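> A single structure is presented below for examination.
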Amino acid sequence: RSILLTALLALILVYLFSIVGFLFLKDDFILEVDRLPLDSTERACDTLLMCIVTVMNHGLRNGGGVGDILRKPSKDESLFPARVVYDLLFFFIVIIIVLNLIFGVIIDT
Amino acid sequence: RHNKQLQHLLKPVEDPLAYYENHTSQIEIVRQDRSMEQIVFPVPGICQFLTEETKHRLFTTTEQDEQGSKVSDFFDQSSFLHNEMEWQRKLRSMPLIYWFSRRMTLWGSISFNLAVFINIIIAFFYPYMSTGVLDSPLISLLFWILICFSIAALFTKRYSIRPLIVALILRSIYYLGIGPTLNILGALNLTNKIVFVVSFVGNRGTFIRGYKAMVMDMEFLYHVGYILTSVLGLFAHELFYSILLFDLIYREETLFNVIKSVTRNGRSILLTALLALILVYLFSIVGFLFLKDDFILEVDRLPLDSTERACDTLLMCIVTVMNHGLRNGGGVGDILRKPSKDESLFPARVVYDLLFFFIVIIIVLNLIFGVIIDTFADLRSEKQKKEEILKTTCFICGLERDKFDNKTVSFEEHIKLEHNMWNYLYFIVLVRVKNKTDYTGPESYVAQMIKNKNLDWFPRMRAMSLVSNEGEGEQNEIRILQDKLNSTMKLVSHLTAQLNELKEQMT
Amino acid sequence: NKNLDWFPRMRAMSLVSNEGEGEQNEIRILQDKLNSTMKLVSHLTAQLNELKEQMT
Ligand SMILES: Nc1ncnc2c1ncn2[C@@H]1O[C@H](COP(=O)(O)OP(=O)(O)OP(=O)(O)O)[C@@H](O)[C@H]1O
Ligand SMILES: [Ca+2]
Ligand SMILES: [Zn+2]
């Protein structure tokens, strides 16, 4: 039960981050795809379910969080501080805290 | 207690005996001479207006004292319980407000379910106007799984209404559509929030007094704020419904434990973060002074070189370090230009990277957030301990279930009839309400103890059922002491008689 | 009667065979005290009987 509740909390946080990205960072969700034997890049966060799936998969499977897949910004862009804050918050909240809290109980038991 | 026939005839079976048994209560008290006696009293009518929600809260909220007794807090809450019962009795006159307030739990539960369903539907079908999931086969598989779960209701175990409501909502989406379903759910949620706030106001009874206090109450502010959020979600934009999940997080105990753990160790976290910031600042200074050219970052410019110099100023170095080095397992060295063995500063780069990795990544980062995990584990352990002790220990006396192993009375009977916290509360209310002139011996003693603020009249690790069988064992050293006292008295009497005889002979 | 007290609990005959001397320490003192009390009671009763006989 504790694992399920913590997973639901992680899902809630992922949903909030996906909403924020869709509303303010739609263009930065560009992913690289190796198409089977037609551009090599596709826009992932077009709908909302796609943003949620891409976050929950890549951000959780990447040590640095969701910021390791998003387009790399430049210092001259207006939303560079917003991107920095977004990435740091995601890394500190979802990767460092919730992920460990979900599965520490298993090791302890 | 001494006649079997009377006990047989006093069993309940409009029924007089049943009515008297229902309106009669009994408790056990300790007198000033350390003797336990049973007091049987009638339940006053006012005690019938105590809410089961209040009972449940008073049960699973009390905290043990240093010794391990909840009687202090239970007694201290007696005045609040009496006031709440009086207010409920007053509210009983009003039909509409009482009718709305009776079902406060139902309103909250259905509002919770509505919020969850609305968020799920928004996530699965926003934006709308592709609706790929509407035709994808996975939705059919989920529908079949929910149908199987609903059919499994024959085994009970609850968790059956919710999948049924989910299936109903899915069918409504299929037939009417997505937008109409969302509008209906939002309207229902708004109406439910209004009803719930009305019920809360009625239960708390702040409306009878000026509305200023009602508006001042923090919980009222919370409810009105979430009502504003709900109306914003209904009218301005659908995505505003996501804010409702904060209410769910706060309501759920396990989820709120994470926030509690984070808040409890707030100062330590802030200080450790400041230490990390200091280290990042020092590393940024060193890099700017001696490794300016190695801070080259790759940028995918929007539709003009692909590389830029990051550590030109100092704030840029600090930001790039704090972001990339902390978000990269290998540290800051995974973004910097790769040096060659023939470069003069290759050893300096190696030392810089190794020091950063060993100091900031391996030590400070873990030290910042280990406290949160430790506190969460401790809170879970404490909750489990409290739940375990609440189901295997008497609230009043504190005896464990193991004692009632083979005795004629089980632990369930002991907690239901003999030691009932609610019966003790009823006795306290009866003492407080009944006139002083009509007090009996036990009632006057209890009133005096209450006035003196002494809680020794509650039973502490003692039960009449247990002592009835333990009397033989207890009366072991007492008999020896009595025999010794009798022997000493006989010796004293013999000595006095001898002295009197000697005095008479001398005279 | 569903009583399990007939099983041995932290007791063994092999151990008690050697621990008997140590165990019989307070028991002897208690027996001596009881004997002294009984002797005192008997002496008091005899004195009372003698006093009653003299008075009669
Ligand atoms: N001293 C106690 N120790 C442990 N649990 C107790 C104690 N006193 C009450 N309880 C809890 O309260 C329950 C009895 O409460 P209460 O008499 O209000 O129940 P009820 O369902 O309203 O009764 P009924 O409908 O039969 O009149 C017990 O089953 C137990 O759950
Ligand atoms: Ca009188
Ligand atoms: Zn008891």
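Identifiers in the structure tokens: chain A, B, ... in order shown; residue index from 1 per chain; ligand index from 1 in order shown.
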List all protein, DNA and RNA residues that have at least one atom no more than 6 Å from any atom of ligand 1, counting only C-alpha atoms and all ligand atoms, and write them as number ranges by chain.

B: 394-396, 415-416, 419-421

> Next, the residues of the selection above should be written as a PDB file, in the first residue's frame with C-alpha atoms.


```pdb
ATOM      1  CA  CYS B 394      -7.175  -1.385  26.460  1.00  0.00           C
ATOM      2  CA  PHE B 395      -7.705   2.357  26.133  1.00  0.00           C
ATOM      3  CA  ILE B 396      -8.296   2.908  29.860  1.00  0.00           C
ATOM      4  CA  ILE B 415     -13.425  -3.379  26.017  1.00  0.00           C
ATOM      5  CA  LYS B 416     -17.133  -3.413  25.112  1.00  0.00           C
ATOM      6  CA  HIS B 419     -13.918  -0.601  30.359  1.00  0.00           C
ATOM      7  CA  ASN B 420     -15.688   1.614  27.825  1.00  0.00           C
ATOM      8  CA  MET B 421     -14.219   5.081  27.299  1.00  0.00           C
TER       9      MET B 421
END
```

> Going by DSSP on the backbone, which bits of chain C are alpha helix (DSSP H)? Write them as number ranges by chain, please.

C: 13-23, 26-55

> Take the residues from that selection and put them in a file with N, CA and C atoms, as a short mmCIF file (atom, residue, chain, number, x, y, z; two decimals), in the first residue's frame.


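Ended up saving to result_15.cif:
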```
data_model
loop_
_atom_site.label_atom_id
_atom_site.label_comp_id
_atom_site.auth_asym_id
_atom_site.auth_seq_id
_atom_site.Cartn_x
_atom_site.Cartn_y
_atom_site.Cartn_z
N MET C 13 15.70 -31.10 35.98
CA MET C 13 16.08 -31.90 37.14
C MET C 13 17.59 -32.03 37.25
N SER C 14 18.28 -32.14 36.11
CA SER C 14 19.74 -32.23 36.14
C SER C 14 20.35 -30.99 36.78
N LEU C 15 19.84 -29.81 36.43
CA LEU C 15 20.35 -28.58 37.03
C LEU C 15 19.97 -28.47 38.50
N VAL C 16 18.71 -28.80 38.83
CA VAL C 16 18.27 -28.63 40.21
C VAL C 16 19.00 -29.60 41.14
N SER C 17 19.42 -30.76 40.63
CA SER C 17 20.16 -31.70 41.46
C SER C 17 21.41 -31.06 42.05
N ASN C 18 22.07 -30.19 41.28
CA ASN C 18 23.26 -29.49 41.76
C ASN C 18 22.95 -28.14 42.38
N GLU C 19 21.85 -27.50 41.98
CA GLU C 19 21.47 -26.20 42.50
C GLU C 19 20.65 -26.29 43.79
N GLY C 20 20.36 -27.50 44.26
CA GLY C 20 19.57 -27.64 45.48
C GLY C 20 20.22 -26.99 46.68
N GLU C 21 21.54 -27.16 46.82
CA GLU C 21 22.24 -26.58 47.96
C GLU C 21 22.13 -25.06 47.94
N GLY C 22 22.33 -24.44 46.78
CA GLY C 22 22.20 -23.00 46.68
C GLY C 22 20.77 -22.53 46.88
N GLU C 23 19.80 -23.27 46.34
CA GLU C 23 18.40 -22.88 46.47
C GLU C 23 17.97 -22.90 47.93
N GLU C 26 17.35 -19.29 51.53
CA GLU C 26 16.29 -18.53 52.17
C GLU C 26 15.23 -19.44 52.77
N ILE C 27 15.06 -20.64 52.22
CA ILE C 27 14.08 -21.58 52.76
C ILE C 27 14.45 -21.96 54.18
N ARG C 28 15.73 -22.22 54.43
CA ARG C 28 16.17 -22.58 55.78
C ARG C 28 15.92 -21.43 56.75
N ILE C 29 16.21 -20.20 56.34
CA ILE C 29 15.99 -19.05 57.21
C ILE C 29 14.50 -18.89 57.51
N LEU C 30 13.66 -19.05 56.49
CA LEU C 30 12.22 -18.94 56.71
C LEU C 30 11.72 -20.03 57.66
N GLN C 31 12.21 -21.26 57.49
CA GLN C 31 11.82 -22.34 58.38
C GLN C 31 12.26 -22.06 59.81
N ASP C 32 13.48 -21.55 59.99
CA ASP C 32 13.95 -21.22 61.33
C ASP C 32 13.10 -20.12 61.96
N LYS C 33 12.75 -19.10 61.18
CA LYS C 33 11.91 -18.03 61.70
C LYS C 33 10.53 -18.55 62.09
N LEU C 34 9.96 -19.43 61.26
CA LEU C 34 8.66 -20.01 61.58
C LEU C 34 8.73 -20.85 62.85
N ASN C 35 9.80 -21.63 63.00
CA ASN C 35 9.96 -22.43 64.21
C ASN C 35 10.10 -21.55 65.44
N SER C 36 10.87 -20.46 65.33
CA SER C 36 11.01 -19.54 66.45
C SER C 36 9.68 -18.91 66.82
N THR C 37 8.90 -18.50 65.81
CA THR C 37 7.59 -17.92 66.07
C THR C 37 6.67 -18.92 66.74
N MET C 38 6.69 -20.18 66.28
CA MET C 38 5.86 -21.21 66.89
C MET C 38 6.27 -21.45 68.34
N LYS C 39 7.57 -21.48 68.61
CA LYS C 39 8.04 -21.67 69.98
C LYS C 39 7.61 -20.51 70.87
N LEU C 40 7.71 -19.28 70.35
CA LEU C 40 7.27 -18.12 71.13
C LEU C 40 5.78 -18.18 71.41
N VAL C 41 4.98 -18.58 70.42
CA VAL C 41 3.54 -18.70 70.61
C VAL C 41 3.23 -19.76 71.66
N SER C 42 3.92 -20.90 71.60
CA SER C 42 3.70 -21.95 72.58
C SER C 42 4.08 -21.48 73.98
N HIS C 43 5.19 -20.75 74.11
CA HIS C 43 5.59 -20.23 75.41
C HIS C 43 4.56 -19.24 75.95
N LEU C 44 4.05 -18.37 75.08
CA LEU C 44 3.03 -17.42 75.51
C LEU C 44 1.76 -18.14 75.95
N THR C 45 1.36 -19.17 75.21
CA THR C 45 0.17 -19.94 75.60
C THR C 45 0.38 -20.63 76.94
N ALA C 46 1.57 -21.20 77.15
CA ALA C 46 1.85 -21.85 78.43
C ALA C 46 1.82 -20.84 79.57
N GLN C 47 2.40 -19.65 79.36
CA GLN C 47 2.37 -18.63 80.39
C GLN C 47 0.95 -18.19 80.70
N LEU C 48 0.12 -18.03 79.66
CA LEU C 48 -1.27 -17.65 79.88
C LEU C 48 -2.02 -18.73 80.65
N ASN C 49 -1.78 -20.00 80.30
CA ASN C 49 -2.44 -21.09 81.01
C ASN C 49 -2.01 -21.12 82.48
N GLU C 50 -0.71 -20.92 82.74
CA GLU C 50 -0.24 -20.89 84.11
C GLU C 50 -0.86 -19.74 84.89
N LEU C 51 -0.95 -18.56 84.26
CA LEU C 51 -1.57 -17.42 84.93
C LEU C 51 -3.04 -17.70 85.23
N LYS C 52 -3.76 -18.30 84.28
CA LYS C 52 -5.16 -18.63 84.51
C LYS C 52 -5.31 -19.63 85.65
N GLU C 53 -4.44 -20.65 85.67
CA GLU C 53 -4.50 -21.64 86.75
C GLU C 53 -4.23 -21.00 88.10
N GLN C 54 -3.23 -20.11 88.16
CA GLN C 54 -2.93 -19.43 89.42
C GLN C 54 -4.10 -18.56 89.86
N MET C 55 -4.73 -17.85 88.92
CA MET C 55 -5.88 -17.02 89.27
C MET C 55 -7.03 -17.87 89.78
#
```

> Between atom CA of residue B:133 and atom CA of residue A:54, what distance in Å does the model show, to one decimal?

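These atoms are spaced 16.5 Å apart.
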
> Mind giving me the straight-line distance from atom CA of residue B:91 to atom CA of residue B:46 in Å, one decimal?

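Between these atoms lies a distance of 12.7 Å.
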
> Please write out the residues within 10 Å of ligand 3 as number ranges by chain, counting only C-alpha atoms and all ligand atoms.

B: 27-28, 393-400, 411-421, 458-465

> What are the nearest atom pairs, with distances in Å to one decimal, for all residues of chain A that come at most 8 Å from chain B, using only C-alpha atoms, set out by chain and rising residue number as JSON lines?


```
{"residue": "A:2", "atom": "CA", "partner": "B:254", "partner_atom": "CA", "distance": 7.2}
{"residue": "A:5", "atom": "CA", "partner": "B:255", "partner_atom": "CA", "distance": 6.8}
{"residue": "A:6", "atom": "CA", "partner": "B:255", "partner_atom": "CA", "distance": 6.8}
{"residue": "A:9", "atom": "CA", "partner": "B:255", "partner_atom": "CA", "distance": 6.8}
{"residue": "A:12", "atom": "CA", "partner": "B:245", "partner_atom": "CA", "distance": 7.4}
{"residue": "A:15", "atom": "CA", "partner": "B:123", "partner_atom": "CA", "distance": 7.9}
{"residue": "A:16", "atom": "CA", "partner": "B:242", "partner_atom": "CA", "distance": 7.3}
{"residue": "A:19", "atom": "CA", "partner": "B:239", "partner_atom": "CA", "distance": 7.7}
{"residue": "A:47", "atom": "CA", "partner": "B:127", "partner_atom": "CA", "distance": 6.2}
{"residue": "A:48", "atom": "CA", "partner": "B:126", "partner_atom": "CA", "distance": 6.0}
{"residue": "A:49", "atom": "CA", "partner": "B:124", "partner_atom": "CA", "distance": 6.0}
{"residue": "A:63", "atom": "CA", "partner": "B:328", "partner_atom": "CA", "distance": 6.7}
{"residue": "A:64", "atom": "CA", "partner": "B:327", "partner_atom": "CA", "distance": 4.1}
{"residue": "A:65", "atom": "CA", "partner": "B:327", "partner_atom": "CA", "distance": 7.1}
{"residue": "A:71", "atom": "CA", "partner": "B:300", "partner_atom": "CA", "distance": 6.2}
{"residue": "A:72", "atom": "CA", "partner": "B:299", "partner_atom": "CA", "distance": 5.0}
{"residue": "A:73", "atom": "CA", "partner": "B:299", "partner_atom": "CA", "distance": 5.9}
{"residue": "A:74", "atom": "CA", "partner": "B:299", "partner_atom": "CA", "distance": 6.0}
{"residue": "A:75", "atom": "CA", "partner": "B:310", "partner_atom": "CA", "distance": 7.8}
{"residue": "A:84", "atom": "CA", "partner": "B:323", "partner_atom": "CA", "distance": 7.0}
{"residue": "A:87", "atom": "CA", "partner": "B:323", "partner_atom": "CA", "distance": 7.9}
{"residue": "A:88", "atom": "CA", "partner": "B:323", "partner_atom": "CA", "distance": 6.6}
{"residue": "A:91", "atom": "CA", "partner": "B:327", "partner_atom": "CA", "distance": 6.9}
{"residue": "A:96", "atom": "CA", "partner": "B:369", "partner_atom": "CA", "distance": 7.3}
{"residue": "A:97", "atom": "CA", "partner": "B:369", "partner_atom": "CA", "distance": 6.9}
{"residue": "A:100", "atom": "CA", "partner": "B:373", "partner_atom": "CA", "distance": 7.6}
{"residue": "A:101", "atom": "CA", "partner": "B:373", "partner_atom": "CA", "distance": 6.2}
{"residue": "A:105", "atom": "CA", "partner": "B:377", "partner_atom": "CA", "distance": 7.6}
```

> Please run DSSP on the backbone and report, as a list in words, all residues within stretch 2-106 of chain A that come out as strand (DSSP E or B).

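Written out, the strand (DSSP E or B) residues of stretch 2-106 of chain A are residues 30, 31, 32, 41, 42 and 43 of chain A.
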
> Hey, can you check how far atom CA of residue B:206 sits from atom CA of residue B:86?

13.9 Å
